Amino acid sequence: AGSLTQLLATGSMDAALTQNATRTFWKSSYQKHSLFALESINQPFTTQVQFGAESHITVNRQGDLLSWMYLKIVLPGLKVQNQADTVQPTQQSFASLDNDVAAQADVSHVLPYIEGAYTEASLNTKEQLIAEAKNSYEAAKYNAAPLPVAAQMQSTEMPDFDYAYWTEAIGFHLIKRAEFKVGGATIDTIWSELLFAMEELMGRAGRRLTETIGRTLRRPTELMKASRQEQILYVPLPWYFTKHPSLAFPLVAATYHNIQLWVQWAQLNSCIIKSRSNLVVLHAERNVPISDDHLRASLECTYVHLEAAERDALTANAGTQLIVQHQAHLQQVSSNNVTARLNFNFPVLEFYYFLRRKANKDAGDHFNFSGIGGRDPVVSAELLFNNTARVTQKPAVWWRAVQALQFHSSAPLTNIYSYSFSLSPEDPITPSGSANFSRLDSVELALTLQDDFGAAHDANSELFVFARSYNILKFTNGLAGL
Amino acid sequence: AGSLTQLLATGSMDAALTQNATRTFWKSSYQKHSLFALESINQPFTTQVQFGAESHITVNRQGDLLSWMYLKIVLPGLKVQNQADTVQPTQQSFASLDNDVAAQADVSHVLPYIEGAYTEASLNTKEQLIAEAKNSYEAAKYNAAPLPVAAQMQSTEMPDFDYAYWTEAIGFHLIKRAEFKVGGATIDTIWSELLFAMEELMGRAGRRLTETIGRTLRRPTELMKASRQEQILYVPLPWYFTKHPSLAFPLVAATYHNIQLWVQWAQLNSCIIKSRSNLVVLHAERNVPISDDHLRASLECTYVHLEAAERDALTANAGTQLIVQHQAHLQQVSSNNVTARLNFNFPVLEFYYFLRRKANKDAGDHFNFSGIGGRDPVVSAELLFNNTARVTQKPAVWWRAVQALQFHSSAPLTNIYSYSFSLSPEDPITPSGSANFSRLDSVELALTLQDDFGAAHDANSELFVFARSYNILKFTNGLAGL
Amino acid sequence: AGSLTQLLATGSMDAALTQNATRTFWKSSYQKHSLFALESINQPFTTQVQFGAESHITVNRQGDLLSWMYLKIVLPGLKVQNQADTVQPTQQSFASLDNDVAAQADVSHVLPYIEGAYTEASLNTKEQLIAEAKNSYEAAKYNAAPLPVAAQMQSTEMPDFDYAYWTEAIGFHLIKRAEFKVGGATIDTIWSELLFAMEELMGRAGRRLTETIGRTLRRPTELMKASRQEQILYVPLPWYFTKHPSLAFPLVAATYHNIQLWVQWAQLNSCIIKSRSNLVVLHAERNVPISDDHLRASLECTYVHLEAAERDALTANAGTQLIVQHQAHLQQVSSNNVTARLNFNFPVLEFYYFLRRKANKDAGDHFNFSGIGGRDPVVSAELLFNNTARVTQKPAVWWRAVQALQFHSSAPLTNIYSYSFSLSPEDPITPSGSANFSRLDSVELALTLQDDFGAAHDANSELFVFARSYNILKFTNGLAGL
Amino acid sequence: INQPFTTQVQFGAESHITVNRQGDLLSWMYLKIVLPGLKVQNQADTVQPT
Amino acid sequence: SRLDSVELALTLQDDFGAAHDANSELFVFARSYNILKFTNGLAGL
Amino acid sequence: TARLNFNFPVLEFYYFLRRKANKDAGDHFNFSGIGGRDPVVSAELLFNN
Amino acid sequence: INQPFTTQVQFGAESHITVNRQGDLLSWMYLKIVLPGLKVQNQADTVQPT
């Protein structure tokens, strides 16, 4: 009686929701699709792959569309030997944990707050004086309550043996820059720092790229274990056509253009960290000093094979694809107040920004975007259009956590900040907002950074700003162009 | 030959799926949208913000729609001083870890199972006797196999120094109640306990509110670290209009109504936990005793600016929005059998329920919904409509884990139970089932709780029941009303 | 001036995106739906439930559709007693940690690399010699750099007391096979190993089945704690009709067919692990030796009640549902080169494969798909259609991590490999690609495994291959059939 | 635009490059060569004098 | 006049513009086309 | 980073650096770096980033 | 209305501003200058006395 009465208890308001219902929950409807197949094919680079060099590949035409694209990287296992035991000790310098430049830079900021005879003190007494001076520095700069000295003395249990390892997220770090080219024109460009920021914000829970890029979430002991043997990494290249099947790049519609991936590789000296400064790093299998020719890479492409009728239709009329392109503003930082002039073009969906200390970069911690003592490097930021506040001054947590909560699949674990003009900037096919930067005379991101950011040992810290913008790729008569 | 043969190998069954295909995977189609912009604007309260008080804000009209809404809370850093060293030691009482009322309440239930001279025993001997009595209690009540005494002696390594900290998820705890008002009518009401339950069930992986609300997942050492300095929290207010862009509140359509947020704040005594009972809690920067006027809050609103044509269309005909409203049944618990009479109205989508021990509340652990010794407080529950079982007796795990698995984005880490009448209760725009409680003469939730729940030291434990219900908000001639 | 200028700054390209816009972000539209209700009902098996037996249930007709289906399993708490203290010590043998067959099998592979007097060595000296021989084995087989001996000596801190526990993910392990039958015909079949693989790949972040199936992520101390008391598990049965509301099984349309669930239960000897070989395992409450009749299970079904008009429409014309069926190829492995001949039928969406060592199975670690020393058991795999490479030789990481990244909600934590022909194999209602195996004369999965896989102590290791295939379920005149 | 060789560059070897299509005409062409700095040591002081 | 930004980014030698060279000078000069018009005994850009 | 706010159709540009020390020494057209080295290591030209 | 210079402001340099069109007439005009506070240190105590 009650369940039937609920179906009868309808009024004029229910008519807007349920009158002439076009859907039922109790019967499945499905759509028929055209026939297609997927094939994954690995392809060698056209030029030699080496650390610090640029290499390119011309993408083969082994199907009708191009869907997924992965850079397959093979890194050798690492071993170490004392320089005294080596017949040829001359190698490039690597970052070493006995010379922690990041910790030395952090100590340099607290030196003015050390009370007593620091120079003559025992090692254990120096560690105590540094922890007390950190409390005095943080009280003076941040009105922080002092932490117990014992809580600041975190011994990272480092192993009592010699090692070397590939840096955190080495699969991204290796790709300093990649360019997707069609007919000799650059269609899009991605950077190591952008790839990491995109994975932090858009990386879905349970599908994080951890193993696929050599990322351990800053657990040095896991990087050491992984680096003792050969590593095979599959780094996704997040081009517009890899984001949705309807955006797959129509190879058949671009028949008269070569499709190329160009990759600028990281220098070998930046890729490795060692336990001690006096160690030589060896290729674990070959027992020779590690060299720039030990980088191996290939391109793994997923091709789509279409039925003849769909292939012929796509060849006759591929039309236009909405694309997202990436733009970059890279700036050196030498002061706590920084203004970035964002000379980006087109309808910008969103931008990302973050800072890297010089000391973190020099320590080989390339994706450590933290400030001094691991703090947030940004105090506040403001966004100006033509000297008018588009976003008034907001604290770092608003740009990092509130923007990520509103617009992104994930909140960043590092100090990555974002701002979206789009309601759904991760939707590759549905435009949901933008600001046209080609119609603004000035776009300025004004930053107030933490105290002493870009001073002394951190002179030439880096500001990264990346923007995502809409453009249109047009296919006509076997040619493709922006 | 094989791939072409697959495209030809079609029969009468494939016609239902692929005949006259209206979609292709090999060409992107996109829709054009109207022009809009988003602006985030921070606004002060119209009344003073203080602990234990009620404050309100009249929301400004700085755009055409209202989308996201965050309560921006600023909490001072905490320090502690001995009461003997303080010129004015008189402060409100705070929960203290040297007087663990929750542990004392748990010990009180096992006192009848202590064999031997408990009163005269050494401290280490008392801890052994309590752990043995816990085994005897659990064997007698639950037929549990005894745990090794050493496995029950979990020392939480508490630091050997003085501290105070803000309670777990302080950003939610501060909001005892918030009311969204339009034209003086309450459109919706949210509670601290509901906000926490909603984040447990609907909080997406990689987008949990942890830092934004001061939540550490019960790691006291992280709450201590965070509480030594100023904290800025951004607490999302999950109103119907914050859930989807098409539900954004049409400011232009409600021109003759004031829009107000009212917030009832938590008492300061409930917000802080200290290491010892004899400590005074100080504002870390000001070096004065912490007081009710040290709470600071503002409202951060995201406005939408529309193109004139869409703004004019929305002003002429905003029509009706489907809304979700929240209802609450709050009850004291003094017996292991509890019947809650759910006097909720309208088409209910779902309800949540959970219990809080008096001892957990008094210990300042406001979101600890566990039973005695951290067990599940519910043994079983039944749902009755007009004295007829709508859901027959089911064990706690069915209401907690099976209902969350079927209908929610996440399973709760705490003892939160749910039940959905909707197939998709997290979809804000598509009704997918409900029960109309305004047409039921009685709705009863019958609970069998764990043994001794609501007895002795837990007299006046709390039952929370929250329901989500459909209603319609109508916009007409510049006015808005339910 | 700028925001209005952006709305005016439109060209011929914007017309494809925004001309005649059919959607606005500033007004919600909702659809009305038909009236329905959900009811969860628990039902006993029609036959006795026992370990190692087959049991069936005839599903009741308590609503119009069948939606969710959970196997509710109740396992007793475990206790242990010395065999010498037991009046009837005769019980089935259980795996024991004092006889670690998996560790003994791993040691057997490194015996040829032990230098010195192993037989006469002290226990601590034998552990050192085994760790050194592991380095020599891994250097010889994999060109691995040696790990420090101290880093290989992981003591799992096992408790110094007697225990027994239910094996990891016992809720899946108990279900050796389940069959969904309609009118005496098997519509679909699921296996324990498939259920685990499906949860690894398709299990969403924050909705993992951990507690619901007794899974701890290989933390033996948590399995021990859980196994001391009665456990209630809710194992989801992932049939086609549980995946989407529009696929709910139409009970009213199948009126003349009995609906049955058949379950083949695991043997009791495989379900329990004990600290020592000389222990008897007891039912914790009853204080009797654990026996095959101590398994309890029931079926929890969610019924849908429809409004009379929708019920009558569905009875008159339920039509056809697209279904996914599961197929299995199970093979013994006795060599490092393995070819699996996949005699699967119909349009295959995707397949999963993985290996289990005999030693891992015999140790009671049923979901440990790792190789020797916890390594990846697959070096490479190739997929052939009619002796032509459909997927050329690819390394294990491509089949495990790249395929999961492209097509699945999660990456597997275990050595589960997949390959999809579908762009969205987790979409239950939208076909997005397949390969028709009923039109291929041969489908071969060729595997190169790690060295010594399937040799000596691992003779009769297992290869599992599972495929997901499309079929059609037809409803006509109160009957249902494939 | 600077472009790497398609084959390895070495003394006494032959190397080739396939010129990219990054515009409509090709005008100037320069071989960019990088030579290391040189130092000398006595053969008697060298661990591998060959 | 049709570009929103033109930036010349320079990496200089180490210690350039540090210490005793604080306030070193960068000169950038551009050559641009314009039209000078003569009409009725007057001249103007 | 030099922001070149030039107008019209630009044919070409020139750039160079002068050390403060060279200017103060009265060597006004000495555009060399430290120890007479090249003051520029590298340069990049950006249009709209 | 306060407006920033279009070029960098520095001692001894030339800077310019293009005046915005934020109303119908332009009346008062003030150069808003911000000068830092000064301190002194002995040249002997300074790490970079130049």
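Residues numbered from 1 in each chain as written, not as in the entry; some residues may be left out. Chains lettered and ligands numbered in written order. Part of a larger assembly, values for the part shown. Heavy atoms only, no water. Residues with missing side-chain atoms left out of burial classes, pairs and counts.

- Per the deposited record, the coordinates in this entry were obtained by cryo-EM to a resolution of 18 Å.

### Quick word on the sheet that holds strand 3 (residues 40-47) of chain F
Move 1: Taken together, the three strands give an open sheet; going across it, the order is 1(F)-1(E)-3(F), and neighbouring strands pair in antiparallel fashion. Either end of the sheet is taken by a strand with one partner, and the two such strands are strand 1 (2-3) and strand 3 of chain F.
Move 2: Here strand 1 (residues 6-12) of chain E runs beside strand 3 of chain F; their pairing, made up of seven bridges, is antiparallel. Residue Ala9(E) lies in a different strand from strand 3 of chain F, and its bridge partner there is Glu44(F). (Pairing = 2+ DSSP bridges. Helix = DSSP H or I, 4+ residues; strand = E, 2+ residues; numbered from the N terminus.)

### Comments concerning the interface of chain F and chain E
Move 1: Between chain F and chain E, the contact holds 29 residues from the first and 21 residues from the second.
Move 2: Looking at the side of chain F that touches chain E, the elements with two or more residues in it are strand 1, strand 2 (10-18) and strand 3 of chain F.
Move 3: Considering each element in turn, the side of chain F that touches chain E owes the most residues, nine residues, to strand 2 of chain F.
Move 4: When strand 2 (residues 25-32) of chain E meets strand 2 of chain F, the two strands line up antiparallel, connected through eight bridges. (Contact = heavy atoms within 4.5 Å.)

### A few points about the relation of the copies chain A and chain C
Move 1: When chain A is fitted to chain C, the best match, at an RMSD of 0.0 Å, comes from turning it 120° and sliding it 0.1 Å along the axis. Within this description, the copies of the chain are treated as partners about a three-fold rotation axis. Relative to the rotation axis, the C-alpha of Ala205(A) is the closest in chain A, positioned 3.1 Å from it.
Move 2: Taken together, the interface assignments show that only 12% of the residues at the interface of chain A recur at the interface of chain C, consistent with different surfaces on the two copies. (Least-squares fit on C-alpha atoms.)

### Re unusual backbone geometry
Residue and element names in this part refer to chain A.
Move 1: The backbone of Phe-346 shows a phi angle near 65°, a positive value even though the residue is not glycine.
Move 2: Inspection of the secondary structure assignment puts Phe-346 in the loop between strand 16 (337-341) and strand 17 (347-356).
Move 3: Unlike most non-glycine residues, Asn-387 shows phi in positive territory, near 60°.
Move 4: Here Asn-387 is to be found in the loop between strand 18 (378-385) and strand 19 (388-395).

### Concerning the interface of chain A and chain C
Move 1: Across the boundary between the two partners, chain A contributes 16 residues, which contact 18 residues of chain C.
Move 2: Counting residues per element, the side of chain A that touches chain C draws most heavily on helix 2 (residues 12-18) of chain A, at three residues.

### A few points about the arrangement of the chains
Move 1: In this assembly, eight pairs of chains are in contact, and the pair contributing the most contacts is chains E and F.
Move 2: With no contact formed, the shortest span from any C-alpha in chain A to any C-alpha in chain G equals 7 Å.

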